[PDB]
Amino acid sequence: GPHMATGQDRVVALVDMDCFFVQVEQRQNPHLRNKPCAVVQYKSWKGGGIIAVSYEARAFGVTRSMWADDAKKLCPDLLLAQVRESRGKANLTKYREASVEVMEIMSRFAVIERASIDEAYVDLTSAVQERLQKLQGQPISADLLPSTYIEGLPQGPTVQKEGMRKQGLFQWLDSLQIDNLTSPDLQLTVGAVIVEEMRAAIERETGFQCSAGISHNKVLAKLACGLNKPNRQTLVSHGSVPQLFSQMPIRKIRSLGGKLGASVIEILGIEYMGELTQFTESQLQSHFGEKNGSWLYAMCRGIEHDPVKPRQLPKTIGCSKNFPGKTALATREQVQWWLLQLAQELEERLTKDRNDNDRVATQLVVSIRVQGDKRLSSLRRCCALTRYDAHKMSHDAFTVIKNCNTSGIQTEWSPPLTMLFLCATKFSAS
DNA sequence: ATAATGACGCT
DNA sequence: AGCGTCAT
Ligand SMILES: Nc1nc2c(ncn2[C@H]2C[C@H](O)[C@@H](COP(=O)(O)NP(=O)(O)OP(=O)(O)O)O2)c(=O)[nH]1
Ligand SMILES: [Mg+2]
Ligand SMILES: [Mg+2]
């Protein structure tokens, strides 16, 4: 109608590093480049757990969380890089540092929200606005968009992928309304031009390739990112949403991958995101709550308002290690020693954070899991973090959890702990 | 024995 | 405060 908002107010990108840990190891070791390759944690149990996979290895069926011994059965030529181990635990510093390389480059173009170690959202709205004045209503050349797919195009009236890519791009650019500096489709297009530029800059300055989604919000941007991978970017326009959503499994949409997604499917008897449009906002709210219902009602029409938060730095700093199976910690001395290994890594990172980013954590969260409980955390307790000292932090953590030891003999520890987790939080400016 | 983290909602 | 969800 004449008053309906169409969720076309922003230009948002989601940039995701293609098999990131593998790229970091391949940059460092040229012998691993353009080879079936994976990154592995902990060599000893079944060759190690695989945590990142090159696209050459994926084609053999190698996946994350697969044991390396098992992936070698699928892919005998598979090359492996091992994650650094410090103080008896996986240490991800190399990938954190590579990540900062990428996020600093992206920060030159626009406002970014760090989403994970290898993903960031980009609010390109302002950047596009200014680019559109620089562009005298000039046509946008296909040459400015050499790795961009236009989702849903080509339509109607070739046999190779790049064939199809440029046909869709041509149909899109031929149709564009470049006189109108307010057309959402033009804005997205200009957004796509800037993300090409950002991705060229990242590759030139780090050697890392990545993929991107460009759309009007974060959920659509994230979804778009995954449509054409690797080293490609996808524009998802508002107009493309009805066809895209009509066969889009509900669980593919960000935040609908877990329990809420499954109950949407089971309570409503539907499979695809677009089927949600039949329901009133009140019906949706009555099944899933006021906030979830409102969000679904707007999302299945391609509309979502979660802002890109200007936050390039993590809000918590944490250290964690699982002790599965027979390795579960069963004695007081073990528990203490590992709390100390965690606290030491933590102090390193905290101190580094206090020098690099001018801030100071003030609360220490202590999380454990007990044997048999399959919840992530069996128990969470906090205490003050007054001093970046590894021995104080570990002793404090021991203190606030020790009474979970139900054992009679207190040389031993029951029930066995299957996880330790130290998280520094509640940062103050320093 | 699908890790090591991280952000946020509910009460 | 502490637990639950969702995610890479
Ligand atoms: N230990 C562990 N690390 C993981 C896992 N999954 C991801 N990581 C670590 C390692 C990853 O390199 C990195 C990024 O995660 P993604 O973006 O979800 N996948 P990637 O970047 O590998 O490939 P692409 O994006 O092209 O699909 O975070 C896992 O299951 N376990
Ligand atoms: Mg990635
Ligand atoms: Mg990612």
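Chain naming here is simple, since letters A, B, ... match the order of the sequence lines and numbering starts at 1 in each. All values below come from the heavy atoms of this structure, side chains included, with hydrogens, waters and symmetry mates left out.
A/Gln285 contributes a side-chain N or O that, together with a main-chain N or O of A/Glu290, makes up a donor-acceptor pair within less than 3.5 Å. Under the 3.5 Å distance criterion, the side-chain polar atoms of A/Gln187 are left unmatched by any main-chain donor or acceptor of A/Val128. A side-chain donor-acceptor contact under 3.5 Å links A/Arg58 to the backbone of A/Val53.
Within 4.0 Å (heavy atoms only), A/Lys89 reaches sugar-phosphate atoms of the nucleic acid but no base atom. When heavy atoms are screened at a 4.0 angstrom cut-off, A/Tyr42 is found touching the sugar-phosphate backbone but no base atom. Contact annotation for A/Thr63: no contact, since no heavy-atom pair falls under 4.0 Å across all strands. Using a 4.0 Å heavy-atom distance criterion, A/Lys321 is classed as a sugar-phosphate-only contact.
Environment of CZ in A/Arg96: crowded, with over 12 heavy atoms of neighbouring residues, nucleotides or ligands closer than 6.0 Å.
One distance of note links CG of A/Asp396 with CG of A/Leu385; it measures 8.5 Å at 0.5 Å rounding.
Taking the ring pair (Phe, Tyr, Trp, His ring centres under 6.0 Å) definition, one finds that A/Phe279 meets it with nothing, sequence neighbours left out.
A salt bridge links A/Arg131 with A/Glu197: at least one charged nitrogen is closer than 4.0 Å to a carboxylate oxygen. Taking the charged nitrogens against the carboxylate oxygens, A/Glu345 and A/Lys321 have no contact shorter than 4.0 Å, which rules out a salt bridge.
Residues A/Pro324 and A/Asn292 each lie close to DNA chain B; by heavy-atom proximity, the contact nearer the 5' end of the strand is made by A/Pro324. Between A/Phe323 and A/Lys315, it is A/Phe323 whose nearest contact on DNA chain B lies nearer the 5' terminus.
For the P atom pair drawn from C/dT8 and B/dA1, the interatomic distance equals 23 Å after rounding to whole Å.
Taking 4.0 Å as the cutoff to heavy atoms of chain A, we find the contact window on DNA chain B bounded by B/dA1 to B/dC8.
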Study note, to complete from the structure: Under a 4.0 Å heavy-atom criterion, the protein footprint on nucleotides 2-8 of chain C, written with B, S and -, is SBBSSSS

